[PDB]
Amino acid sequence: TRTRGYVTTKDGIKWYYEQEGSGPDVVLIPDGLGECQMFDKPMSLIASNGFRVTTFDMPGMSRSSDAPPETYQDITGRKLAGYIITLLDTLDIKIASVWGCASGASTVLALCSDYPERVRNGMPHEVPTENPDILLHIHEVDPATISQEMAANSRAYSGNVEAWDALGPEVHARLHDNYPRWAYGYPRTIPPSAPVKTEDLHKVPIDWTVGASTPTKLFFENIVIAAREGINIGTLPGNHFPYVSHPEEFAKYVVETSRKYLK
C-alpha cells in the first residue's frame, strides 16, 4: 500500500515523500520540476515486482516547498546528492537502485561517483551537459513568462501530450509555481557540474538512457560519453518523461535493469 507523508531532515528540508512495496530498494528521483506525482503509475508497477520504491518532491518544489532557500539555489548534482543521502539515512535506505532524469540524472551520477556504497546501480536518463536554446534566457524573464514558456516546453518534451495533460490540475498548479524557482536555480549550474568524467563513472553499474524521440542533438553527448567509457547505453520510448509517457515500458526497464544486479 502506498504511504504518503512528510519528514524533516537535519538540513531543514521538509520533504514530501511516498513509498510502496517491500524488498530491495528502488529510488525514483524526479527531474528538475521535482514533482513526484509523475511517478504514481510506474511506482505501483515497480513495487508489484518485489521492490520497495521511494519517491519524493525535490527541495523547494511542490510539496517539499518548505525548505531552506539554499536547497534550491545554485543547484548541482552533487548538491542534490547530499540532500538525498541525508534523506536516505533518515528513511534507513542503505543501498538502492536509483533512477533520475535531467537534474535527477546528474544527481544519480553524483551518487555513483561520491556515494558508491549507497548505490546498487544507477539509471540516468538525459543528463544535461549543454542546454538547448530554449533555456538560454529562461532565468532572465518574469515569473509569469517563465511559467508560460516552461509549461509549453515541458509539454512539448513530454513524449505524450495526452498523458502529460492527464497528470491533473493539482499537479499542473504545483508545476506552475515550480517553473520560476527551477529556472533561477537549475539550468545555469546543472550542466557545468555534470559528473560525466571518467572518474565518476566506474564505481558502480550504470545503465544510461536517452529518449527515443528526443532530437538527436539534445543529448548526443550522453551517448558518446557512455559509449566511450564502456557504459550500457540505450533508448526508452518517448522523450524527457518516460515515466509519464510510457509508464509500463518505464516500469519494465527499471525492474529488469535493477534485477540484473540483485544477489
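All residue numbers refer to positions in the sequence shown, first residue = 1.
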{"query": "Residue range whose averaged C-alpha B-factor is higher in the record, 75-83 or 127-135", "finding": "127-135"}
{"query": "Entry-level comparison of average CA B-factors, 138-146 and 171-179, reporting the higher stretch", "finding": "138-146"}
{"query": "Ranked C-alpha temperature factor of residue 153 among modelled chain residues, by third", "finding": "highest"}
{"query": "Residue 104 - which third its CA temperature factor falls in, relative to the rest of the chain", "finding": "lowest"}
{"query": "Ranked against its chain, the third holding the CA B-factor of residue 184", "finding": "lowest"}
{"query": "Residue 207 CA temperature factor, ranked by third within the chain", "finding": "lowest"}
{"query": "Within-chain third of residue 70 by Cα B-factor, per the entry", "finding": "highest"}
